[PDB]
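In what follows, a single structure is set out as structure tokens and then discussed.
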Amino acid sequence: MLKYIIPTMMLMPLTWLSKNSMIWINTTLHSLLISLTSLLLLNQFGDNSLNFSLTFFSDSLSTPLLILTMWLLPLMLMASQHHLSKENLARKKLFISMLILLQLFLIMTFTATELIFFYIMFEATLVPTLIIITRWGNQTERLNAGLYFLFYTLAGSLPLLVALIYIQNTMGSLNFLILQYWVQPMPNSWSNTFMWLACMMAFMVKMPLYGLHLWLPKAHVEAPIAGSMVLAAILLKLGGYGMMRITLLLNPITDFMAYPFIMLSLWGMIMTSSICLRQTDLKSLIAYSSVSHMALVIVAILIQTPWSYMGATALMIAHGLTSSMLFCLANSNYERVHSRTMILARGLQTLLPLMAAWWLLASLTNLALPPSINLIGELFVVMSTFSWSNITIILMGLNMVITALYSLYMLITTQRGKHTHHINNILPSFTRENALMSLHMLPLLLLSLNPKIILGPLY
Amino acid sequence: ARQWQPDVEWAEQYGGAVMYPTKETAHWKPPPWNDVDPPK
Amino acid sequence: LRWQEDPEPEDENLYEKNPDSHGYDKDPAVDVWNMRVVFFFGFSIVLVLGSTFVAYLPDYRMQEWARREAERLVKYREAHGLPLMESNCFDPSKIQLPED
Amino acid sequence: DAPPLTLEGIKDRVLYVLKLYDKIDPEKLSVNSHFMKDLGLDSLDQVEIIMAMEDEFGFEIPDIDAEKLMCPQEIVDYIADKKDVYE
Amino acid sequence: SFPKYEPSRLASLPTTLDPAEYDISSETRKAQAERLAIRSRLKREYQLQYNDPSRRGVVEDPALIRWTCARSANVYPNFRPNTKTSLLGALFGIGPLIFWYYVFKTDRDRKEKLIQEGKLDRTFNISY
Amino acid sequence: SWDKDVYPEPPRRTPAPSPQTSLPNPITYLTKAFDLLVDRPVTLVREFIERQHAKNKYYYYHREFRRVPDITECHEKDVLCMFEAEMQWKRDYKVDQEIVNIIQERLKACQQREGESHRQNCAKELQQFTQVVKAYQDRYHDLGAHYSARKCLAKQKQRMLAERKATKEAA
Amino acid sequence: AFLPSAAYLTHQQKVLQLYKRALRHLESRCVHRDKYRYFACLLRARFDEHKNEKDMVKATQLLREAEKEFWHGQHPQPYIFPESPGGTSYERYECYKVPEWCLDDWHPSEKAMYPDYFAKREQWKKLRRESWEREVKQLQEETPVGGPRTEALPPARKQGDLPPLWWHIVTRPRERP
């Protein structure tokens, strides 16, 4: 994995030795080359993971997250170069450096063979993200957004450090390859109960769990667009990746300890989706939709059946692409009306027809339209939770009603109806913006032709 | 439409002798700038 | 007049000083070359050659092999009277049970 | 479908309806004939005239606009302004 | 004589059936005149900006910004924990969680007892 | 082509055309037109492509995995042997999955090719399907998403304890 | 209670609006034109029975029980004109009513496709921006203290001035673009 870490590192001289006008072009070009190179991680086998070294490996779980991670960086650089056009050159290079450093931490968060190196990169992803949100955010509440984002995360993860060092001292190694073969059954005790909670609550925070989700609608709406894209697309999926690694060790206690965290998810995806029926802010609606979609991934990991893991990893990749596109579309309106209010600018299919087609496709992939990988992940989670308990289909099916009822409402409020009369700075769609929407949607649609590369280690 | 940066109302929250003024910590004026007091 | 301040600037339009703008930069040559870079290394290189790469993956996670091997093994045990699958994954002779 | 209206056509149809009304004599009617002062009608008759205009041209005049149309020329100008005639 | 119209929460009383409409008193007419004056003043303040050729952008509506700040940014500072909000927050927050907990727990205890007794038809179930 | 024994088909018995009416049916003329207009140019193009295949003939092989020791003869917490046992078990798991898929293809193809008398004429495929699904369920079901050869051996030992207890209590 | 120019509906306006609602709901009740014309003359006779009632309290009482009569005798599906609100063709064409400022966002290649139209548009925009300050100083010298009382705009009082706040009334979209 050292053929991906060193090009990402070499993007630091590439953004700091460039001309004052070429720093977006060079970083976009070479990060697109790194994203093209990311497809060599598809050397996956039906029995063995792709094990590079003592430090780095990549199974079929980490590989789609890595391809999505290395693909998201040129897209964040395309989204972020408009609102940072008046920016100082040094601060512009600092923003590009924080995105590069965040990519560098993510691509060896997902490949960390050993779990405390996973912890160090997993908690190292805070600091560039914190700096991006609290420095290049727009409003007053970006500082409170950074405080909530930092102190839910570290409150969840500082027990995780102690739990991982306990596993290091007890088992002898936090190598995930050794812990596949030295895993012992975790019995029923209070020590093992708080062992389970210390292993899980960090990822429950970063997914987010319902009830712990309160950092997210502050951290998504107060971030800039590259921050919103990286929290939606990747930084929620650190929790899912970490759960799918750490629930190996947490058996058979999970089979009676996951009950409060499934209910909180199965009712919470009803609540947050319901919140999306009444959100006046468009970016907050996309944030609460992200909570609603990651609650299904929480249920699918906690029931730990194979169909559930396959649906959860397909749902993570699909939701990453879809929610990143939704934040980019909301940014496309915010760069024209300079307010995130969803009822402000209406009727925008008369004014931006092709951008309304991109809104339509992103709204259809939000509501899980088949055969998209959104519906593949949604459907497989619903199948495995029907296997879990037959009554859950109620809480599933009702959610699939409400997920439609805000996916099209967002389509009808922003793009349909009579347009706002007193708004006249509605420019035609830039080629940068349509390129950004197409680079989100066209991989999301091509992955319907071959979904087997985004279905985890147990396809 | 531009980026919010703090004003005088935000920045004067950090100018007191303490950060969270209570009833006891209310008469505390901030210390002098060169830390040199009048000889009284 | 509290906290002396630059007035907030007007929203600048990239189409006014450049009606052929692609939205990348206020310099039109930089704008057109950033458009060409994004479209060539985004669509002509990652999407097209990436879809061609994923379409021709060398038997991704051995799922073709596992069919073909199965087409051997069924053909081995249809002909020899054996059942197509045993309920035991391992040989019951090589397992010591705890006595009771 | 829907042939375009002209000012002369709207004026001829408005006067054509008002000549088919048994309280307005057709020999006295003009485009500037006020209904209450120059024709001696009632406000109920004016409501019925605006309803005949609505049945004639197939669209509703709201009451706040209907109670201000007191001659055939005001009716023709209202239907002109709404149907956007003489493009 | 006639069945009196009973207005409801989602079927309001008409304007033409309200007895407070047919009062022509000057103290209720001054209120209507003052409301019309406020509406005319806000209308003029709007369309002196809406018809400006120099303006190219969004006419800022302080009522819309004020509405969004009331709906989002001014909910917790106007909260007081009392008997009403506590008996609503517990009955709506942990209530359905306890309900679905006992529902899914009873269902899975029933299904687990049927499976480990062999009394559940699980013949062709090999996808899970 | 494929192997006719692992994918069995009964011999096709089509009836001879016995036309009673004097009206010529359109289907014979459309079959002649499909043979003259479609089947012959596609056949010529495929013969050209087949000659171009025959000008350079090369081969691919079926990968043979030799049988390493399984998990029962691996020492506890000895990763160099139980790694090989686990990889062997995962490959055999994929193969057993595809055996179940082959028998499902047999069952569905029998149901379609028999049509309306499929409930009588597909009892053998239904019996083979029931056998292989019972074997797959006793072998790999309820293991979980972190399935391993240790989990499968523990399930087998639990089932064999149940079998031995049922043998003891009924003797 | 709600009008753009006045702050209230008069008694005469309430009686006339009840008369028109009663005739339209009667035409919705009784479909054929001869039978409608019979019952419409009967309804006109019922309104002309109490036309010269000088007592305003008695006339308001008659209006109130006539509203009760109407509300009992209305139609569940009244006839609505198609472009009238509630009709089937109402606000149908609003997705084709593109505002005129979008013509400022066109490319010069697609502005050159209509040379005379944009050359004639620029004199409308010149007329607007050379009349704007005159009509603003017309409004601010005519509006009394405390802002305007009513929503009525004054006309142009001079020769050469345009009426104040005229652009989005004149340059509004057509009904059928």
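Annotations for the structure displayed:
All chains are identified by letter, namely A, B, C, D, E, F and G, in their written order; residue positions are counted from 1 within each chain.
By definition in this document, a contact is a pair of C-beta atoms (placed from the backbone, for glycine too) under 8 Å apart; a residue touches a chain by one contact, two chains touch by 3 or more.
Labels paired with UniProt names: A = NADH-ubiquinone oxidoreductase chain 4.
Traced through touching neighbours, the fewest hops from chain A to chain G number 1. Set against the C-alpha centre of chain G, every other chain centre is closer than that of F.
Of all chains displayed, A has the C-alpha centre closest to the centre of the whole protein C-alpha set.
Among the other chains, D has the CA centre that is most remote from the centre of chain A. Mean C-alpha position of chain A lies 41 Å from that of chain B. Chain geometry summary: the mean Cα position of chain C and that of chain D are 69 Å apart.
Computed from the mean C-alpha positions, the centre of chain D lies at a distance of 82 Å from the centre of chain F. With touch defined as above, residues shared between interfaces to two or more other chains in chain A number as follows: 46-47, 305-306, 338, 421, 424-425, 427-428.
Counting partner chains per residue, chain G shows two or more touched chains at residues 3, 101, 105, 168. In chain F, the residues that reach two or more other chains under the touch definition are 91, 94, 100, 134, 136, 140. Note for the complex: chain A touches chain E at residues 141, 259-260, 262-264, 266-267, 280-281, 284, 305-307, 337-339, 341, 343-344, 383-384, 387-392, 395, 421-425.
Residues 3-5, 12-13, 16-17, 19-20, 23-24, 44, 47-48, 51, 81-84, 174-176 of chain G touch chain D in their complex.
Chain E meets chain A in the complex at residues 46, 49-50, 55-59, 64-65, 67-68, 71-73, 96-97, 100-101, 103-105, 107-108, 111, 125, 127-128. Contact residues on chain C toward chain F in their complex (touch as defined above): 62-63, 65-75, 78-79, 83-92, 94-95, 97-98, 100. Taken together, the chain A residues at the contact with chain G in this complex read 347, 349-351, 417-419, 421, 424, 426-428.
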